[PDB]
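Residue numbering for the first sequence follows full-length UniProt numbering, beginning at 117 and increasing consecutively. Have a look at the structure below, then the notes.
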Amino acid sequence: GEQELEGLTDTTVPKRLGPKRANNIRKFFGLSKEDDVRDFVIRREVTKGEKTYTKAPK
RNA sequence: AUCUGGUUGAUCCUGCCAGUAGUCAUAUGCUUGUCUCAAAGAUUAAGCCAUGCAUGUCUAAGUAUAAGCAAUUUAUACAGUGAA
C-alpha cells in the first residue's frame, strides 16, 4: 500500500545459492552462446583464523 | 529262543490276577567328590503381555559451495576427508 512495515518492508535477505548447470548459468547472466562460463562463477569466501578459502561449485 | 507265587484235604487241567527285566519316557523322594559330551514352556491355555534389542547399506568409479573439519598447498570450475 502506502505506509511502511518495520520488519516486513525494510530488510532484504540475500539468496543462498547461485546457479550450477552450465546453460542455467548463462540464463542468469544473459551471456551469449560462444562465451566460456568457467570464468563467470560466483565464489564464496570463508576464513577461520587467518585462512581465507574459496568455495566454488563444480 | 528260559519262566516262578495264588482255586483243592490230596491230584491233573481251562483260566485270569501278582511277580520279573527295557525305555533318547515325563514327573517325583532321599542322597551327591572327579574328567569329557550336553536336551531344556511341546503336552494344559495357537491364553494374555510392562521395558530394551532383533534390517539396514559406499567403492579410484551416480549427486557435495556443510556458513563441517583439515590445512595442505602447484591448480580461478571442481580434486583431501566427509555428516544430512
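In this text, a Cβ means the ideal position worked out from N, Cα and C, and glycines have one as well.
Beta-carbon separation (whole angstroms), residue i vs residue j, contact threshold 8 Å
i    : j    : result
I141 : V153 : 5 Å
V157 : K171 : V157 to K171, Cβ: 11 Å. No contact.
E120 : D126 : 7 Å
Beta-carbon proximity check, residue i vs residue j, cutoff 8 Å
i    : j    : result
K131 : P173 : no
Selection from the options that minimises the alpha carbon distance to residue i
i    : options          : result
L133 : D151, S148, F144 : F144
Proximity test, residue i beta-carbon vs the ligand NAP heavy atom, cut-off 7 Å
i    : result
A138 : Of the ligands one can find in the structure shown there are none, so the ligand NAP has no counterpart to examine.
Would you mind listing the beta strand (DSSP E) stretches within the region 135-169 that are 3+ residues and don't spill past its ends, in chain order? 160-164
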